[PDB]
Protein chains: 2
Amino acid sequence: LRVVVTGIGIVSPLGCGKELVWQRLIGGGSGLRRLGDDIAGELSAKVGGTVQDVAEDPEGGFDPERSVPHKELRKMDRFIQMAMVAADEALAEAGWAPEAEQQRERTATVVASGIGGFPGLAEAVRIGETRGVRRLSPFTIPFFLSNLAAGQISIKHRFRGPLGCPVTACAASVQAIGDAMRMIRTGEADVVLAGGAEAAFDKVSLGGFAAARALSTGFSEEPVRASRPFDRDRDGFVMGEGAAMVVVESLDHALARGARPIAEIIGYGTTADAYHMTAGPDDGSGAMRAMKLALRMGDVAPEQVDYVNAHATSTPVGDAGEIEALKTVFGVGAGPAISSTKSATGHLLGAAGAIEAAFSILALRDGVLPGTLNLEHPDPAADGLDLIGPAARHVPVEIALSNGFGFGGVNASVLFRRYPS
Amino acid sequence: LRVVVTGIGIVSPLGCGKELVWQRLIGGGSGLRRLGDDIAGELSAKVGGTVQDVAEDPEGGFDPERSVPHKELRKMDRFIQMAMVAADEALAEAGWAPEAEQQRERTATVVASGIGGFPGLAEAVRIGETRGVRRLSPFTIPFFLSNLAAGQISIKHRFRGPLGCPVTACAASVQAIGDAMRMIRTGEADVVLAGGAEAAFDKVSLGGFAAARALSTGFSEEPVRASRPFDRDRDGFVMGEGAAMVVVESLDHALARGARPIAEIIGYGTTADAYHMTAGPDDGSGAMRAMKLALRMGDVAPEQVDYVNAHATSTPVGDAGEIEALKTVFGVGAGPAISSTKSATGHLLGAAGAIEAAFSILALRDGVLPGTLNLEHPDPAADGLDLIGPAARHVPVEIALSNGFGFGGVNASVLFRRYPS
Ligand code: NA
Ligand code: NA
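Residues numbered from 1 in each chain as written, not as in the entry; some residues may be left out. Chains lettered and ligands numbered in written order. Heavy atoms only, no water. Residues with missing side-chain atoms left out of burial classes, pairs and counts.

- X-ray crystallography is the method the PDB entry states for this structure, with the resolution given as 1.90 Å.

Laid out in structure tokens, this is it:
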């Protein structure tokens, strides 16, 4: 079975609504901002990709009350609220709103998160220390459980097929998409709402990454400059929040119901480094293998790939590992155009896979390849890779690859083809 | 492809080592104990299924130093340490210890958890409130991330195929097994180490369930009596901790390498209620559909099922929902023998799926069906279901079904056949 995407939804540091987000992205916009002191006051990591409200962003702000009654918002952590908005958008685009149980039973919901309800969990622990555990809300556990993003989406739309929640860090929502494709192919679902949601900002989660020296600290006075994948002066990732969702279904199923395919999913590969608990190997060999499996599934030679939306999160070691992996798969001197949109959004962790898949699909749809903001002095190790600089590249393209290479050595790559071919 | 299990590992409230655990189970033993005041002092829920150390249980105690150097234990939360011990056991039984990269690249690691590193997370939040976030360990994030159970297992054994971490609550490690089977069938792995691990005891997590009135409170003076699935006087679940793992591979692959199949996996189904965020529907319709999908995959009529290891966690509403679902699938007056081993272990949450799959497989291997401890007055709604009382039933059987029906409306059922058939 050929598998397609028929709808996309985004909640991001560049706004809500995928067309608005895409436009801001391609026009050179950034979602990086100074974090509140309540989150970053004690840390030298001061910058984040934050999702703004409608007071701050009238056209593209995040208002979860449009998706969920105010009363029910109290029952769900921020990442879930974002998941709900993004899912509404993707499902509206796809026109998938089954009323009959037959089709509801064939709809799967697969929504990843790397950290899940960290703010909710942290608050509950703080209440325990101050007020006592006897004082906890009855909604405490489902407020934060990672699977309640998919859960609340399923409950709203009455999706009664398989539910999934892959919690595999920065690869998580790349796996959500591969998992969705797999279920369409095994016949376990006809439609999958697949994606990721992350809203993990808290002094302890940021503090935790900061203790690992994982975060950018050198650009607090000019936040937009902090995320600089592949750049000589990168000094750690910039945490981001948001959600992105795709509707995945067979081409036959899409055409039978009159849904227009936005792009085709032609390959997926996932591997484990089995090397170290947070850092990948210097040669990028696990990431290399995952890319090759995606290409092999797609029957696509490396030289046929037009665009790669790299994982590169702006870490000295991580970006260098992916550079090595890209060189191994694609060679040097020709090969695909390569950029990291984390330069603009920051690192959405479990939601990075889905938003970067959305950006890869839109690159194909419109013939525009996002640039890498802040790429002022590329790493000499990348010489010979066609790294796209800060300005987007307007060129017609047919095949795009997107990578997610996460903590615990989890690597996932997904490959898309423009529709029609 | 026919899919088999070739090894099993268990860390549980009845001990470590699946043969010891099985023996204690079938002899009528309980893992329920009074919790320390540091966990349950402020709560009227005082009983848990706890994993004991070797001082307390010389023959079956938990000693993670046999799996991991003391130095490296500091880098991993309790659930991960349990996952490591259980995985070592299952892999030793299966004799799967690939040295060549070819076979390492074909080994997947799929390990579920419902809550993951709650104790680690809670401690980090407490340190943040007392010492400051500047004081956090550099290991803070990977210490608790749910995917680091599979991650650490992968790193030790050099498993370089797909990594998964389904965080779908009480269904989670039933899904891990279904997901493993799916990958063998798609050709994405030749061997999968699949299971779940949970070690979530903390005053806040217990406090959270207690706030939902989800926990047993009426049997603190006789802890062994607290978990009583299907019984008239059940008053909420008893939280448990542990890990269980299975090695999953094709029958052809097992026989080619001289590994002995312990049982065959013949069916798997998973559904979503799309009804409410913690409670299932009163008619058990999502659970019903998941059972039917497993049976349909196995080409097994309801009347051919010999044994069901029920989800039933000892809740008034949950156990009644599963009763309704069982009646729908199997009818009344004949049907399978049905028990819940949560009566003895408590509710292992994300690890329940794997330990109860292990118990179902051993039931088939040895012709012994575990009883339901504490079943003194069965729910009248179950009249006509063959509920097994407190004593194990010694009968030869061929087909077993095991259910996991979790928070967020996630239902999963897995179906096994005795080997040879
Ligand atoms: Na990417
Ligand atoms: Na069960």
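**Let's talk about the overall build of chain A**
Working step 1: Counting its secondary structure elements, chain A contains 15 helices and 16 strands.
Working step 2: Taking 22 Å as the expected radius of gyration for a compact globule of 421 residues, we find that chain A reaches 20 Å, a close match to that expectation.
Working step 3: Based on the C-alpha atoms only, the size of chain A along its principal axes is roughly 65 × 55 × 45 Å.
Working step 4: Look at the contacts in chain A between residues 6 or more apart in sequence, and 78% of them connect residues 24 or more apart. (Helix = DSSP H or I, 4+ residues; strand = E, 2+ residues; numbered from the N terminus. Rg over C-alpha atoms; globule rule 2.2 N^0.38 Å. Contact = heavy atoms within 4.5 Å.)

**A short note on the coordination of the sodium ion (ligand 2)**
All names here are of chain B.
Working step 1: Protein coordination at the sodium ion (ligand 2): the donors are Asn309 (O), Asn309 (OD1), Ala310 (O), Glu356 (OE), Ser402 (OG) and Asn403 (O), at 2.7 to 3.1 Å from the metal.
Working step 2: The coordination sphere of the sodium ion (ligand 2) comprises six donor atoms, whose angles at the metal cover 68 to 167°; the geometry is irregular.
Working step 3: On the primary sequence, the residues serving as donors to the sodium ion (ligand 2) are separated as N-A-x45-E-x45-S-N. Of this pair, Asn309 sits in strand β10 (residues 307-309) while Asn403 sits in strand β15 (residues 399-406); the two residues are 94 residues apart in sequence, bridging distant segments of the chain. (Donors = N, O, S within 2.8 Å, 3.2 Å for Na, K, Ca; no water. Tetrahedral: all angles 85-135°; square planar, octahedral: opposite > 155°, others 65-115°.)

**Brief notes about the relation of the copies chain B and chain A**
Working step 1: Mapping chain B onto chain A calls for a screw motion: a turn of 180° about the axis and a shift of 0.0 Å along it, with 0.0 Å RMSD after fitting. Given the turn and translation reported, the copies of this chain are related as if by a two-fold rotation axis. Considering only C-alpha atoms, the part of chain B nearest the rotation axis is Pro166 of chain B, at 2.5 Å.
Working step 2: With an isologous cut-off of 70% or more, the 100% of interface residues of chain B that recur at the interface of chain A puts this contact in the isologous class. (Least-squares fit on C-alpha atoms.)

**Focus: the interface of chain B and chain A**
Working step 1: If you look at the interface, chain B gives 70 residues, while chain A gives 70 residues.
Working step 2: Of the roughly 5600 Å² buried where chain B meets chain A, counting both sides, 66% is carbon and sulfur surface.
Working step 3: In terms of surface lost to chain A, no three residues of chain B exceed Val133, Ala274 and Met277 of chain B, which account for 12% of the buried area on that side.
Working step 4: Joining chain B to chain A, the criterion identifies six salt bridges.
Working step 5: For the pair chain B and chain A, the interface holds 28 residue pairs in polar contact.
Working step 6: Of all the secondary-structure elements, those providing two or more residues to the side of chain B that touches chain A are α6 (118-130), α7 (140-144), α8 (148-157), β6 (163-164), α9 (172-186), α10 (203-211) and β9 (263-272) of chain B.
Working step 7: Residue composition of the side of chain B that touches chain A, grouped by class: 34 nonpolar, 23 polar and 13 charged. (Buried area = accessible area lost by both parts, 1.4 Å probe. Salt bridge = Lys/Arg side-chain N within 4 Å of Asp/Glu carboxyl O. Polar contact = N/O pair within 3.5 Å; in protein donor to acceptor, adjacent residues only side chain to side chain. Nonpolar A, V, L, I, M, F, W, Y, C, P; charged D, E, K, R; others polar.)

**So, the pattern of salt bridges**
Residues and elements named next belong to chain B.
Working step 1: Under the criterion given, the structure shown has 56 salt bridges over all chains.
Working step 2: Two residues, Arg365 and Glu19, come together in a salt bridge whose shortest N-O distance is 2.7 Å. Pair noted here: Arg365 is in helix α15 (residues 352-366) and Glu19 is in helix α1 (residues 18-26), with a separation of 346 residues, a long-range link.
Working step 3: Accessibility expressed as a relative area gives 37% for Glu19, which makes it partly exposed.
Working step 4: Across the salt bridge formed by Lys342 and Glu356, the nearest N and O atoms sit 2.7 Å from each other. Residue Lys342 is found in helix α14 (residues 342-345), and its partner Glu356 is found in helix α15; the two are separated by 14 residues along the sequence. (Buried < 20%, exposed > 50% of the residue type's maximum accessible area, 1.4 Å probe, protein only.)

**Observations concerning the UniProt feature "active site" (unreviewed entry) in chain A**
All names here are of chain A.
Working step 1: As annotated in UniProt, the feature "active site" (unreviewed entry) corresponds to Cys170 in the numbering used here.
Working step 2: Within the secondary structure layout, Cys170 lies in the loop between β6 (163-164) and α9 (172-186).
Working step 3: Given a relative accessible area of 2%, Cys170 falls into the buried group.
Working step 4: For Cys170, the contacting residues outside a window of four places in its chain are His311, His347, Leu349, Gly404, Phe405, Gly406 and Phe407. (UniProt positions renumbered as here; feature names shortened; annotations may be inferred.)

**Overview of the packing of α1 of chain B against α15 of chain B**
All names here are of chain B.
Working step 1: In contact at an axis separation of 11 Å, α1 and α15 are set at 80° when each is read in the N-to-C sense. With respect to α15, the element α1 is oriented roughly perpendicular. Two secondary-structure elements touch here, α1 through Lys18, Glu19, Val21, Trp22 and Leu25 and α15 through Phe359, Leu362, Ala363, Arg365 and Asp366.
Working step 2: Looking at side-chain class alone, the contact of α1 with α15 contains six nonpolar, no polar and four charged residues. (Axes fitted to C-alpha atoms, helices over the stretch in contact; angles between N-to-C directions. Parallel < 35°, antiparallel > 145°, perpendicular 65-115°, else oblique.)

**Digging into the domain arrangement of chain A**
Residue and element names in this part refer to chain A.
Working step 1: As far as domains go, chain A holds domain 1 (4-267) and domain 2 (268-421).
Working step 2: On a C-alpha basis, the centres of domain 1 and domain 2 stand 20 Å from each other.
Working step 3: Facing 71 residues of domain 1, the contacting portion of domain 2 comprises 68 residues.
Working step 4: A buried area of about 5500 Å², summed over both sides, lies between domain 1 and domain 2, and 68% of it is on carbon and sulfur atoms.
Working step 5: On the domain 1 side of the contact with domain 2, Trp22, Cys170 and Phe230 bury the most area, a combined 17% of that side's loss.
Working step 6: Where domain 1 packs against domain 2, one counts five salt bridges.
Working step 7: The tally of links from domain 1 across to domain 2 stands at 31 residue pairs in polar contact. (Domains from an automatic or database assignment.)

**Concerning the environment of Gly240 of chain B**
Residue and element names in this part refer to chain B.
Working step 1: Inspection of the secondary structure assignment puts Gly240 in the loop between α10 and β8 (242-250).
Working step 2: The exposure class of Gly240 is buried, given its relative accessible area of 1%.
Working step 3: Note: C-alpha distance between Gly240 and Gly258 (18 residues apart in sequence) is 36 Å.
Working step 4: Those residues in contact with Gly240 that sit more than four places away from it in its chain are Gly49, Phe201, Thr345, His347 and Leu348.

**Things to note about the side chain of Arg104 of chain B**
Residues and elements named next belong to chain B.
Working step 1: Locating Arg104 in the fold gives a position in helix α5 (residues 101-104).
Working step 2: Residue class for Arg104 comes out buried when judged on its relative accessible area of 13%.
Working step 3: Residues contacting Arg104, with those up to four places away along its chain left out, are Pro98, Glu99, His157, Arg158, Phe159, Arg160 and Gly161.

**Some details on the coordination of the sodium ion (ligand 1)**
All names here are of chain A.
Working step 1: Those protein atoms acting as donors to the sodium ion (ligand 1) are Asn309 (O), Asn309 (OD1), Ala310 (O), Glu356 (OE), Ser402 (OG) and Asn403 (O), and they sit at 2.7 to 3.1 Å.
Working step 2: With six donor atoms in place around the sodium ion (ligand 1) and angles of 68 to 167° between them, the coordination shape is irregular.
Working step 3: The sequence pattern formed by the donor residues of the sodium ion (ligand 1) is N-A-x45-E-x45-S-N. Of this pair, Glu356 sits in helix α15 (residues 352-366) while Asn403 sits in strand β15 (residues 399-406); the two residues are 47 residues apart in sequence, bridging distant segments of the chain.

**A look at the packing of aromatic side chains**
All names here are of chain A.
Working step 1: As enumerated under the stated definition, the model contains eight aromatic pairs over all chains in all.
Working step 2: Taking 5.8 Å as the distance between ring centres and 45° as the angle between the ring planes, the aromatic pair formed by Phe209 and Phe407 counts as tilted. Of the two residues, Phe209 sits in helix α10 (residues 203-211) while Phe407 sits in the loop between β15 and β16 (410-418), which places them 198 residues apart along the sequence.
Working step 3: Under the relative-accessibility criterion, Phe209 is labelled buried at 4%. (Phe/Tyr/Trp six-rings, centres within 6.5 Å; stacked < 30°, edge-to-face > 60°.)

**Some words on helix α4 (residues 78-94) of chain A**
Residues and elements named next belong to chain A.
Working step 1: End to end, α4 covers 25 Å across 17 residues, agreeing with the expected 24 Å (1.5 Å per residue, within 8%).
Working step 2: By the criterion of burial, α4 is predominantly enclosed, with 13 of the 17 residues buried.
Working step 3: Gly95, located one to two residues past α4, shows a positive phi value of around 55°. (Expected span 1.5 Å × (residues − 1).)

**Quick notes on the environment of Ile399 of chain B**
All names here are of chain B.
Working step 1: If you trace the backbone, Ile399 turns up in strand β15.
Working step 2: Along the sequence, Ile399 and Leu364 sit 35 residues apart, while their C-alpha atoms lie 7.2 Å from each other.
Working step 3: Once residues within four sequence positions are removed from consideration, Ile399 is found in contact with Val300, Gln304, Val305, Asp306, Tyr307, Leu364, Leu415, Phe416 and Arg417.

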